[PDB]
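So that the names make sense, note that chain A is the first sequence line, chain B the second, and so on, each numbered from 1. What's counted below: heavy atoms across the whole structure, side chains too, no hydrogens, waters or symmetry copies.
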Amino acid sequence: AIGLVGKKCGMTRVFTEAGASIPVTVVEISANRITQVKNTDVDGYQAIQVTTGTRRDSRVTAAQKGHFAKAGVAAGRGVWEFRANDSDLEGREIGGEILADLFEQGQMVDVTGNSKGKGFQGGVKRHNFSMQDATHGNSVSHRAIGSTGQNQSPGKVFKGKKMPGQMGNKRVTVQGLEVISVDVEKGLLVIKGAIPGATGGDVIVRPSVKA
Amino acid sequence: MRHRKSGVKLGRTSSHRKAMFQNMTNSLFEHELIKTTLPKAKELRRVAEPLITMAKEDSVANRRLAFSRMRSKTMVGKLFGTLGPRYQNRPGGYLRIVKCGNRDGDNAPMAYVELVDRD
Amino acid sequence: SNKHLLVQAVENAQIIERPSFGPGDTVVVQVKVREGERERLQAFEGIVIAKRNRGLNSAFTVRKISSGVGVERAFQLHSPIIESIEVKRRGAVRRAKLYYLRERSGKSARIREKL
Amino acid sequence: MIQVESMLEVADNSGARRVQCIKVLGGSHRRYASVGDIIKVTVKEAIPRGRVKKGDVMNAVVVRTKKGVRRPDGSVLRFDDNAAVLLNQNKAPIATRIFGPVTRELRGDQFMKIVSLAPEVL
Amino acid sequence: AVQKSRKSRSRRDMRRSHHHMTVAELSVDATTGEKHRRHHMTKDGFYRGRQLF
RNA sequence: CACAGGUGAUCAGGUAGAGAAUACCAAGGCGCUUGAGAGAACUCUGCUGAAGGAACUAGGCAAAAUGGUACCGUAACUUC
RNA sequence: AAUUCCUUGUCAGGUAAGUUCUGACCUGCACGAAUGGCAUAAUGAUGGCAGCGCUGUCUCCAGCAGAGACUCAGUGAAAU
RNA sequence: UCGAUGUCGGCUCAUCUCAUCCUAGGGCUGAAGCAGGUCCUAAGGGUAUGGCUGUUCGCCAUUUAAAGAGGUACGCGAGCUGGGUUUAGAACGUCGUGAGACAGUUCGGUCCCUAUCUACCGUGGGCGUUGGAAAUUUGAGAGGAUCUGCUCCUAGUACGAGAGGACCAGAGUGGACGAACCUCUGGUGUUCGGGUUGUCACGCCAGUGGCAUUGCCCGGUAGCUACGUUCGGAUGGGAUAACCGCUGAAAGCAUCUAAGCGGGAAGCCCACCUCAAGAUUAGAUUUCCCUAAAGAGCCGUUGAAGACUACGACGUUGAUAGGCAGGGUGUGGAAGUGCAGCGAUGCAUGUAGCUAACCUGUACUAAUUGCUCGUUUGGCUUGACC
């Protein structure tokens, strides 16, 4: 149930010999150093804590510097934790190594990332609200919300009403994506799909939960 | 949205913005030290430096190309006369921005734009 | 060349060699066709009216007039569907994209030869 | 991309000249019909003393579109007109001649005599 | 459109509880010894041991 | 109100143009007494738009479209 | 029918489908001959209906430009 | 309620009920099969586009698995519209001597409000969480999502006189919906490249620039984007509804029920995705630091982050931004010169010149070890241990 953290490198295509174009995305997979192994006895639950990337020393706090030093690993750009089980905590020891070898070609994986942020967005784009008449006497409410409720009964707006607000820039998971190719010497992970976020953003890849 | 976009609007049309930075570049080439708004100072680096780069090698085509973008035969002659063979060995960064506070009339952030090497 | 280093590796390993051709030229593209189980090569002759050069993402659209109605097909250059391309007539045009030929039919849908 | 109230050329020997889409079949709110999709049409112009009279309501198959049909390699294949071939009450071609090319999305069992009679099958 | 009752002076002042004045960051210039805003030239023109006039 | 309104007559440059239209200029006169940023939703005013083309709607409202000169050619009907 | 309630009268045409439209019928609730009858070329920013062209009217909205909106500095209302 | 609670319909946006339209599970059937008919359970999702008419409705056309019945001020005009109704003009029919009138008709006819409170959608500041800090997190809970067609095979088998034609199993391919994304196909692309009309200017020619909607036109990078691409709606667990039981007495029999043991739905609770310790019950783990420390903030360079914020990166021990270098992309053949031509122009030098936002690098410029906040071992009671 454990995965790895990567960085979105952009999209491309993979051509099959039969003459099909596969829309793929490239995920750079640096070393995932294991910074802590949490178990049911010390933490109440089993998980693996990993780090990847690098940070300069001036940008690493003393508390983090000691957290990494106990593991014996270099400070990464972030710290991510994967919920595991007894079978997953087999060869995973403190300061260990997690490469792209975790995945094999043809395996369905779950990729999570932060979506591109659109900022404040109206109901038309945020919630697929129908636009109102561009002509036919329509006043200054072309992309307006329309009605937001009923009359005196209930005399309020219900909670969860679809309205303008912040769009994107949220955690989003795409399921059922195939691993097109794995290359570990160069830290490659080619995956079929779209992978929420922009180029350069951190993405987490885990084995698919649907199965 | 504005993702990965470049350029300024500065509450002007594009024709006005183009003419305003042409005037600023000519003024900076003449006096070599001007005081302007900090957002304008930062964007002036993107219209004034590429003219200095192209004047590092002097030719009729380059001389005529500068005049197309500057429309000042006094500053184009100065650009290829002294500004060219002063930044020949300098790989960019021909001018520096120094913040100089706020404007009295409207409290706009001000900055001096100075050419490097004795402006 | 326009992308991150590591996407360029996934793209350089997939590059088919092909003769060079500009827009305006007449080309024959041999297209791999599979009926039920047998593979043959169908030919698509026509005028290159547009091409986008994007490395592995390169493409070119070819316009021919098949039995009255005109047909355009935007071939993906580096695709094993494209068996081969050969240039028959080199064209002499003044513009990357020949989109104006979609309103030209006969004696006006013709372009000068590059010699 | 054929939708209701869209005119299509007739690409078979049925006597119809232009037909208009009045329904995109195969779904409650199905919006568009591409090549290979069955539509309900009204014939708007017909040839004199033909098999189909002006004003009939019948079935047709879209055989080529101006929007174009995509291929697995990513290529698009566009035409200069939107054409249809008139069908039976059980959605079978009534054509003995096909005019112009058709695409290879008509391969199957019900549109085989449309592909065999087509001058060109892309 | 408009209020149905006047706001109390207490409620009006709670809206004013985020109304602060910005205080500039200052520094002492190495050469002139003068106080100036951080990352700004001194009133007589000195910034980071450099003259402007 | 230092208000986008109204207020009679006179003078009448150039290049295009039938023109006192229109576009760019002359003489002359101005930049319309808050600015600086940013470049969200939404509003206004515009530009472009795949495929379809009135399916919109009370209604083609709005928009789009047409647009010049010369020549050819032009129907029902008519009080000719 | 600018008159007809019953009424979306009936029949014909137009549309895939027409309470509107056109033609006709006459059963004129409740036309009718200078509070003029029936037509009528031309004319109308007149009412209705139908087409071609054309289109962001719409399917279904997208992108972009400018003015606000947002932030800072200055001045500083309103109804309640 | 008349010191004013805006009428019908449409648009937009909904929320609930179940007397259920579809899908799901059942009993009976005048249930052979396929299709139905009734009634029970069931509200999780879904539940058309048009022609006519101001219409709601209704008729009709074509679909669909289905085109549900209702409540919500006959939901919704400080959200839009304004066709009808219902002002003032005018006319017809009719009534009136008349002024006028008509749940008769007809043509025409100003829809204001910058949001204080509640509510809701987002996004912050403060304080608290038994010293402080950097991170990682558990999950009390909350929300989202929940639809379905067709084809193949089983099998032309069961069933049926034939016509026809399955349940239960399995494989695929869609439609509507949603999310993410921009590799592809396209759209846009007003600091990219060209063509071109008029005029003005740069002394003039040449070459360029201003203005005319970006003057117009043809293309087009990045980004954004759909109509493009990819993915999703689970076939699992638990307890149940109707319904069907097993054994079984009250009631020697019978009986699903009283004791006891089962099956059983798209429904409930989990399972998937997102949020979540202000869960004041304020949780947990790993480190770091305490005569201003660990850190945080200000400031600066900024970002596919963003209204302001917040969040992310960087600040010389540096690639954070701009420039610069080299590529790529786009445009399509610069200028100058030469040649051919009377000339317009064509050709060569030369796939040239230019090239936004792209890629990779590079300290040239700008990111000043400056200031502020934040301390000094963290109360007491009890128990175990020491």
Query raised in the report: Would you say B/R4 reaches H/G303's phosphate, i.e. side-chain N/O to OP1/OP2 under 4.0 Å?
Result: no

Requested in this report: For H/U190, measure the glycosidic angle (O4'-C1'-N9-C4 for a purine, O4'-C1'-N1-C2 for a pyrimidine) and name it syn if it falls within 90° of 0, otherwise anti.
Outcome: syn

Requested in this report: Take the protein atom CG of B/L65 and the nucleotide atom P of H/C202, then report the distance between them rounded to whole Å.
Outcome: 21 Å

Report task. Can you check whether any acceptor in the base of F/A41 is under 3.5 Å from a donor in the side chain of A/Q121, or vice versa? Result -> no

Query - Rounded interatomic separation in angstrom, taking NZ from C/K97 and P from H/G330 - result: 6 Å

Query raised in the report: For H/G303, does OP1 or OP2 lie under 4.0 Å from any side-chain N or O of B/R2?
Result: no

Query raised in the report: Hey, is the side chain of B/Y94 poking within less than 4.0 Å of OP1 or OP2 on H/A366, counting only N and O atoms?
Result: no

**Report entry** Two-distance pair criterion under 3.5 Å, Watson-Crick or G-U, for H/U129 and H/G341
**Finding:** no

Report task. Please state how far atom NE2 in D/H29 lies from atom P in H/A65, giving the value in whole angstrom units. Result -> 15 Å

Query raised in the report: Does A/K38 place a side-chain N or O at less than 4.0 Å from the phosphate oxygens OP1/OP2 of H/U137?
Result: no

**Report entry** Chi class for H/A363: syn within 90° of 0, otherwise anti
**Finding:** syn

Requested in this report: Give a yes/no answer on whether the side chain of B/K18 brings an N or O atom under 4.0 Å of OP1 or OP2 in H/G210.
Outcome: yes

**Report entry** Selection from H/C121, F/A36, H/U301 that lies nearest to any side-chain heavy atom of B/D106
**Finding:** F/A36

**Report entry** A/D41 atom CG, over 12 foreign heavy atoms within 6.0 Å
**Finding:** yes

Query raised in the report: C/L5 side chain: which of H/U225, H/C227, H/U360 is closest?
Result: H/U360

**Report entry** N-glycosidic conformation, H/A334 - syn within 90 degrees of 0, else anti
**Finding:** anti

Query raised in the report: Should H/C314 and H/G300 count as paired, given that a pair must be Watson-Crick or G-U wobble and both distances must be under 3.5 Å?
Result: yes

Query raised in the report: Taking the chi torsion of H/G295, is it syn (within 90° of 0) or anti (everything else)?
Result: anti

Requested in this report: Check the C1'-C2'-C3'-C4' sign on H/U317 and let me know if the sugar comes out north or south.
Outcome: south

Query - Electrostatic pair B/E43:B/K40 at N-O distance under 4.0 angstrom - result: no

Query raised in the report: Starting at the 5' end of RNA chain F and moving along, which residue's nearest nucleotide shows up first, A/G122 or B/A108?
Result: B/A108

Query raised in the report: Does a nitrogen or oxygen in the side chain of C/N2 sit under 4.0 Å from OP1 or OP2 of H/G327?
Result: no

**Report entry** Exam field: side chain A/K8 to backbone A/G197, donor-acceptor pair closer than 3.5 Å
**Finding:** yes

Query raised in the report: Does A/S139 make a side-chain N or O approach to OP1 or OP2 of H/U81 shorter than 4.0 Å?
Result: yes

Query raised in the report: Does C/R52 have a side-chain nitrogen or oxygen under 4.0 Å from the phosphate oxygens OP1 or OP2 of H/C184?
Result: yes

Query raised in the report: Hey, which of these two, A/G165 or D/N82, hits RNA chain F nearer its 5' end, going by closest nucleotide?
Result: A/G165

Requested in this report: Report yes if some heavy atom in the side chain of A/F158 is under 4.5 Å from a heavy atom in the side chain of A/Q150; otherwise report no.
Outcome: yes

**Report entry** Min side-chain heavy-atom separation D/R78-C/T61 under 4.5 Å
**Finding:** yes

Requested in this report: In whole angstrom, give the distance that lies between atom CZ of A/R55 and atom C1' of H/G312.
Outcome: 10 Å

Requested in this report: Rounded off to whole Å, could you give me the CG-to-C1' distance for the A/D133 and F/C56 pair?
Outcome: 7 Å

**Report entry** Heavy-atom donor-acceptor pair, B/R69 side chain to B/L51 backbone, under 3.5 Å
**Finding:** no

Report summary line: Per atom distances to the A/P154 side chain, the nearest of F/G35, H/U72, H/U286 is H/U72

Query - A/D110 side chain near A/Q175 side chain, heavy-atom distance below 4.5 Å - result: yes

Query raised in the report: A/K38 and A/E81: salt bridge (charged side-chain N to carboxylate O under 4.0 Å, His left out), yes or no, with the steps?
Result: CA-CA 9 Å; A/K38 300 174 171 228; A/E81 171 168 331; 3.7 Å; yes

**Report entry** Nearest to side-chain heavy atoms of A/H142, which nucleotide of F/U43, H/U287, H/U329
**Finding:** F/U43

Query raised in the report: For H/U302, does either OP1 or OP2 sit under 4.0 Å from a side-chain N or O belonging to B/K42?
Result: yes

Query - Inter-nucleotide P distance (H/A91, F/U74), Å rounded - result: 48 Å

Query raised in the report: Can we say D/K53 and D/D56 salt-bridge, meaning some charged N sits less than 4.0 Å from an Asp/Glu carboxylate O?
Result: no

Query raised in the report: According to the definition of ring centres under 5.5 angstrom and planes under 30 degrees, are F/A18 and F/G19 stacked?
Result: yes

Report summary line: Under the convention that a positive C1'-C2'-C3'-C4' torsion is north and a negative one south, the sugar ring of G/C60 is south

Query raised in the report: Using the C1'-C2'-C3'-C4' sign, is H/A242 on the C3'-endo (north) or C2'-endo (south) side?
Result: north

Query - Short side-chain N/O contact from C/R73 to OP1 or OP2 of H/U185, under 4.0 Å - result: no

Requested in this report: Let me know the distance between NZ of E/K35 and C1' of H/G370, rounded to the nearest Å.
Outcome: 9 Å

Query - Residue B/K5, side-chain atoms from C-beta onward, closest of H/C272, H/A304, G/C64 - result: G/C64

Requested in this report: State whether B/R69 places a side-chain N or O below 4.0 Å from either non-bridging phosphate oxygen (OP1 or OP2) of H/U355.
Outcome: yes

Report summary line: Closest to the side chain of E/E25, out of H/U136, H/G178, H/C298, is H/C298

Query raised in the report: Do the bases of H/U137 and H/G379 pair up, Watson-Crick or G-U wobble style, with both gaps under 3.5 Å?
Result: no

Report summary line: Of the listed H/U64, H/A201, H/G295, the closest approach to the B/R71 side chain comes from H/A201

Report task. Can you check whether any acceptor in the base of H/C288 is under 3.5 Å from a donor in the side chain of A/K65, or vice versa? Result -> no

Query - No-H, no-angle donor-acceptor pair, E/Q3 side chain to G/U80 base, under 3.5 Å - result: yes

Report task. Quickly work out the A/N138 CG to F/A58 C1' distance and round it to whole Å. Result -> 16 Å

Query raised in the report: Can you check whether A/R56 has a side-chain N or O nearer than 4.0 Å to OP1 or OP2 of H/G315?
Result: yes

Query - Pair D/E105 + D/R64, salt bridge at N-O below 4.0 Å - result: no

Requested in this report: Kindly say if A/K159 contacts the phosphate of H/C120, meaning a side-chain N or O under 4.0 Å from OP1 or OP2.
Outcome: yes

Requested in this report: Report yes if the ring of A/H136 lies under 5.5 Å from the six-membered base ring of F/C61 with planes under 30°, and no otherwise.
Outcome: yes

Query raised in the report: Have G/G68 and F/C42 got a Watson-Crick or G-U wobble pairing, both distances under 3.5 Å?
Result: yes

Query raised in the report: Out of H/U229, H/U136, F/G52, which nucleotide sits closest to the side chain of A/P23?
Result: H/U229

Query - Residue-phosphate contact under 4.0 Å: C/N53 side-chain N/O, H/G330 OP1/OP2 - result: yes

Query - Selected nucleotide, minimal atom distance to C/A96 side chain, candidates H/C113, H/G332, F/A36 - result: H/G332

Query - Distance between P atoms of H/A66 and H/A48 (Å, rounded) - result: 12 Å

Query - Value in whole Å for how far the P atom of H/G194 lies from CZ of C/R95 - result: 13 Å

Report task. Can you figure out which of H/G300, F/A36, H/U185 approaches the side chain of C/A59 most closely? Result -> H/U185

